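Asker: The structure that follows is given in the form of structure tokens.
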Amino acid sequence: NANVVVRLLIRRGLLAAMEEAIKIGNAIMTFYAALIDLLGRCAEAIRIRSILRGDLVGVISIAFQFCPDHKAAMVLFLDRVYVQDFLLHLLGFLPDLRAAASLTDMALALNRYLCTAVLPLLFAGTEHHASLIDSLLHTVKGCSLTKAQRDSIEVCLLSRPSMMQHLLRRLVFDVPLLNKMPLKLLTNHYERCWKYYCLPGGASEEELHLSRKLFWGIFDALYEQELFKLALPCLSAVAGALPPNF
Amino acid sequence: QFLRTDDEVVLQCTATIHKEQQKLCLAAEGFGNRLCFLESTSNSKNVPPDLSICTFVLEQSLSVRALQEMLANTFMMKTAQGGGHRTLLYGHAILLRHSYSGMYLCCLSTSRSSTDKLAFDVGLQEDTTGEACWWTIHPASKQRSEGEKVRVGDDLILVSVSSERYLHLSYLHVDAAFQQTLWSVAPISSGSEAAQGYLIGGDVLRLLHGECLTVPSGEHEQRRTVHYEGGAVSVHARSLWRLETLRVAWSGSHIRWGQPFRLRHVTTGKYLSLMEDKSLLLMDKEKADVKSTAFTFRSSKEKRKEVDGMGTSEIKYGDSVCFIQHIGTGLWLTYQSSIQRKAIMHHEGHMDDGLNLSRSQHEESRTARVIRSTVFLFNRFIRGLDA
């Protein structure tokens, strides 16, 4: 059905005058978002991908400005039709994840783009991890935010590594405010990632001593806190392996 | 009656810009040109259109399954694959080889035009590597259906395989849009051709004198005079003359007596313009009218138009005792007196009106066209450098 639908659509510039009316009435924008959402649902086939394939400048115009549907339509279009470094380089929700810490259209746009910005699983990277480190503790929906937090942990498992050290430092600086459960799971995720990446580690010595002192003071304080303290032993293992809100 | 393998044909639209008979055939220059263009057949009387670089020859007629055979091998086509001559059906996938260059018509991968979003342009290429050379034909008729034979003079739709697009006349490009465009067929010359040693139109040849016809050399005049010269001028590339016929359709038919033909030298382009005032002269491409340039071929000194086929080669190349006569004035080609034996068009002349013919060959033409294209390109280059 996708094949025959796209072909007879091709039987019967557009963006040159179609981004005219963002000022001007909520109809033609959702119209072209509907058309591009339909065309975003069709994965021999290289010849029809060539038919679908210059749209990117219009996408990045849409991705960085009523709003919260058309961006998701273009996100799905790009993720189907159209590498990690160049795909992450075009930060496409940098001002959106910036606006993810300003919490009612926003109150549904946040959960709307929780599951939409999972697709970023697949300097600027430092700023993106910085904005994500504010967005993740900026909601402490529940399950969709936890899925986005697991996505951020897996994004931190990708890449240089001083950004990962700064992110683990940001987790160790935020966990000291609780030493809620979302920050505890995020610091547990950074502890597990540092335990996996401690071989590159073995400045950082005194911060690691402060983190281990905070973990020892939390462990000397005698359930999500039980799971966080059980993961904190992996942070002690990360300290003994690498070296041995705002 | 039908269409088979190796049928030299053309394509022909009828553009109705301002209700005119703005007619055209499709051209492919090549040997320096990777884009295609048109050739006006409307005002063929005053300024006659070029025709040797607008014909095409169907090298192969296949189904879709043979195209997936081309998908199977990572060519050789099993040397036909099939027959034979394989009379063409609708819905087949044909291959258009350009008749002069030997290149194959393909759908390009660029859009060097409007813009006009993502269509493609039309040009030649080298080989049949991939789907970009093959052309499905869909019937442009509610009269006829698909899978059945294609007759002489049918109106159809050309659709490529790779791009899966039309063969569309733009406003003035020819490109691969998403709108239909009729493309008719005129059978030029097929087939075969027919026995060896025959006057058949579209051939380039000479005229023996004992000695041949010639044109003076370059760096001049602008080569607008006619001499004779003996010697090795047959080996020379400036003694080259092409029998250009009058009809568009069936232009590559056989040659009888009687019927007249336009004439044109292969490395100049300035037509053999018998200016009817005095005698033999030479003028440009726009001069060549109906009565002004075409010469009638008479079997003697004494003195049809409608044949829907190849027909009878009256004249071979050996016993070609030919008697060139103009249309209107009735003059005849005789001489006067590095031999400066200048030929004239006279009523009576000598007994040396009876000259014998001699054909040319393939590669001589296949370089002689390159000569004129190269020379005019470098003279445009000289203009740009003097600018």
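Here's how to read the names in the structure tokens: chain A, B, ... by the order shown, residue numbers from 1 in each chain, ligand numbers from 1 in the order shown.
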Which residues in segment 5-227 of chain A does DSSP call alpha helix (DSSP H)? List them as a ChimeraX atom specification.

Answerer: /A:5-11,14-18,28-39,46-52,56-62,70-81,84-89,94-98,105-114,124-136,143-156,161-174,181-196,198-201,204-219,224-227

Asker: Skipping near chain neighbours, those fewer than 2 positions away, what residues fall within 10 Å of segment 7-23 of chain A using only C-alpha atoms, listed as a PDB file with C-alpha atoms, in the first residue's frame?

Answerer:
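Dumped everything to out_11.pdb:
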```
ATOM      1  CA  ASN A   1       0.000   0.000   0.000  1.00  0.00           C
ATOM      2  CA  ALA A   2       2.903   2.332   0.753  1.00  0.00           C
ATOM      3  CA  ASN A   3       4.405   1.645  -2.680  1.00  0.00           C
ATOM      4  CA  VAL A   4       1.234   2.281  -4.641  1.00  0.00           C
ATOM      5  CA  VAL A   5       0.226   5.299  -2.509  1.00  0.00           C
ATOM      6  CA  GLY A  25      -5.074  30.255  10.833  1.00  0.00           C
ATOM      7  CA  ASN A  26      -3.569  27.027  12.176  1.00  0.00           C
ATOM      8  CA  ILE A  28      -1.867  25.156   6.192  1.00  0.00           C
ATOM      9  CA  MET A  29       0.979  24.422   8.623  1.00  0.00           C
ATOM     10  CA  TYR A  32       1.827  20.275   5.174  1.00  0.00           C
ATOM     11  CA  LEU A  39       5.355  10.644   3.401  1.00  0.00           C
ATOM     12  CA  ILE A  48      11.630   5.478  -4.352  1.00  0.00           C
ATOM     13  CA  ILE A  51      12.111  10.144  -5.208  1.00  0.00           C
ATOM     14  CA  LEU A  52      11.705  11.232  -1.592  1.00  0.00           C
ATOM     15  CA  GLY A  54      16.443  19.185  -0.698  1.00  0.00           C
ATOM     16  CA  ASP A  55      14.437  19.354   2.505  1.00  0.00           C
ATOM     17  CA  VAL A  57      17.098  23.432   5.695  1.00  0.00           C
ATOM     18  CA  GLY A  58      13.319  23.492   6.030  1.00  0.00           C
ATOM     19  CA  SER A  61      13.913  25.780  10.322  1.00  0.00           C
ATOM     20  CA  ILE A  62      11.024  23.758  11.717  1.00  0.00           C
ATOM     21  CA  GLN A  65      11.208  27.585  16.451  1.00  0.00           C
ATOM     22  CA  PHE A  66       1.041  25.739  16.855  1.00  0.00           C
ATOM     23  CA  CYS A  67       4.549  24.272  17.090  1.00  0.00           C
TER      24      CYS A  67
ATOM     25  CA  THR B 115      14.275  24.026 -10.656  1.00  0.00           C
ATOM     26  CA  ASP B 116      11.300  22.886 -11.084  1.00  0.00           C
ATOM     27  CA  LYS B 117      11.860  20.485  -8.124  1.00  0.00           C
ATOM     28  CA  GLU B 164      10.421   5.999 -13.492  1.00  0.00           C
ATOM     29  CA  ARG B 165       9.539   9.324 -15.083  1.00  0.00           C
ATOM     30  CA  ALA B 177       8.726  15.471 -15.316  1.00  0.00           C
ATOM     31  CA  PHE B 178       5.498  13.919 -13.997  1.00  0.00           C
ATOM     32  CA  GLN B 179       3.301  14.858 -16.972  1.00  0.00           C
ATOM     33  CA  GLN B 180       2.515  12.932 -20.130  1.00  0.00           C
TER      34      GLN B 180
END
```

Asker: Find the residues around residue 245 of chain A up to 9 Å (only C-alpha atoms counted), leave out those fewer than 5 positions away in its own chain, and share them as an NGL selection string.

Answerer: :A and (134 or 137-138 or 174 or 177)

Asker: Mind pulling up the distance from atom CA of residue 195 of chain A to atom CA of residue 158 of chain A?

Answerer: 14.6 Å

Asker: What separation in Å, quoted to one decimal, exists between atom CA of residue 359 of chain B and atom CA of residue 212 of chain B?

Answerer: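 Computed distance, atom CA of residue 359 of chain B to atom CA of residue 212 of chain B, equals 12.1 Å.
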
Asker: I'd like the neighbourhood of residue 122 of chain A as an MDAnalysis selection string, where a residue qualifies if any of its atoms comes within 12 Å (using only C-alpha atoms), though same-chain residues fewer than 5 positions away should be ignored.

Answerer: chainID A and resid 78:80 82:88 92 117 151:152 154:155 158

Asker: Hey, can you spit out that residue selection with N, CA and C atoms as a PDB file, in the first residue's frame?

Answerer:
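part.pdb, written as the output of this step:
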```
ATOM      1  N   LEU A  78      12.853  12.499   8.823  1.00  0.00           N
ATOM      2  CA  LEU A  78      14.304  12.420   8.762  1.00  0.00           C
ATOM      3  C   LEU A  78      14.796  11.067   9.246  1.00  0.00           C
ATOM      4  N   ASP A  79      14.177  10.535  10.301  1.00  0.00           N
ATOM      5  CA  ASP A  79      14.629   9.273  10.862  1.00  0.00           C
ATOM      6  C   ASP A  79      14.281   8.093   9.968  1.00  0.00           C
ATOM      7  N   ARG A  80      13.264   8.224   9.118  1.00  0.00           N
ATOM      8  CA  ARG A  80      12.991   7.164   8.159  1.00  0.00           C
ATOM      9  C   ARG A  80      13.815   7.322   6.886  1.00  0.00           C
ATOM     10  N   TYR A  82      16.429   9.636   6.107  1.00  0.00           N
ATOM     11  CA  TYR A  82      17.854   9.895   6.244  1.00  0.00           C
ATOM     12  C   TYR A  82      18.403   9.279   7.526  1.00  0.00           C
ATOM     13  N   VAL A  83      27.944   8.391  11.294  1.00  0.00           N
ATOM     14  CA  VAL A  83      26.868   9.306  10.952  1.00  0.00           C
ATOM     15  C   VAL A  83      26.415   9.968  12.255  1.00  0.00           C
ATOM     16  N   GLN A  84      26.718   9.307  13.388  1.00  0.00           N
ATOM     17  CA  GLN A  84      26.338   9.806  14.716  1.00  0.00           C
ATOM     18  C   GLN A  84      26.872  11.204  14.982  1.00  0.00           C
ATOM     19  N   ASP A  85      28.100  11.473  14.544  1.00  0.00           N
ATOM     20  CA  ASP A  85      28.727  12.755  14.833  1.00  0.00           C
ATOM     21  C   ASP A  85      28.066  13.879  14.042  1.00  0.00           C
ATOM     22  N   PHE A  86      27.852  13.669  12.742  1.00  0.00           N
ATOM     23  CA  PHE A  86      27.216  14.704  11.932  1.00  0.00           C
ATOM     24  C   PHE A  86      25.724  14.828  12.226  1.00  0.00           C
ATOM     25  N   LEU A  87      25.082  13.752  12.675  1.00  0.00           N
ATOM     26  CA  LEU A  87      23.674  13.856  13.039  1.00  0.00           C
ATOM     27  C   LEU A  87      23.513  14.590  14.365  1.00  0.00           C
ATOM     28  N   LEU A  88      24.431  14.372  15.310  1.00  0.00           N
ATOM     29  CA  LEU A  88      24.386  15.128  16.555  1.00  0.00           C
ATOM     30  C   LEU A  88      24.904  16.549  16.390  1.00  0.00           C
ATOM     31  N   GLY A  92      17.195  17.213  16.432  1.00  0.00           N
ATOM     32  CA  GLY A  92      17.561  18.616  16.381  1.00  0.00           C
ATOM     33  C   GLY A  92      16.721  19.468  17.310  1.00  0.00           C
ATOM     34  N   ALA A 117      12.215  12.644  21.463  1.00  0.00           N
ATOM     35  CA  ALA A 117      13.658  12.835  21.485  1.00  0.00           C
ATOM     36  C   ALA A 117      14.401  11.636  22.059  1.00  0.00           C
ATOM     37  N   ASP A 151      17.841   6.665  28.053  1.00  0.00           N
ATOM     38  CA  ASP A 151      18.379   7.089  26.764  1.00  0.00           C
ATOM     39  C   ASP A 151      19.556   8.043  26.934  1.00  0.00           C
ATOM     40  N   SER A 152      19.503   8.912  27.945  1.00  0.00           N
ATOM     41  CA  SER A 152      20.619   9.819  28.208  1.00  0.00           C
ATOM     42  C   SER A 152      21.838   9.066  28.723  1.00  0.00           C
ATOM     43  N   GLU A 154      22.571   5.898  27.960  1.00  0.00           N
ATOM     44  CA  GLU A 154      23.124   5.235  26.784  1.00  0.00           C
ATOM     45  C   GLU A 154      23.762   6.216  25.805  1.00  0.00           C
ATOM     46  N   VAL A 155      23.318   7.475  25.792  1.00  0.00           N
ATOM     47  CA  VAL A 155      23.989   8.490  24.989  1.00  0.00           C
ATOM     48  C   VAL A 155      25.341   8.832  25.593  1.00  0.00           C
ATOM     49  N   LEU A 158      28.171   6.573  24.611  1.00  0.00           N
ATOM     50  CA  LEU A 158      28.671   6.629  23.241  1.00  0.00           C
ATOM     51  C   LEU A 158      30.044   7.289  23.175  1.00  0.00           C
TER      52      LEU A 158
END
```
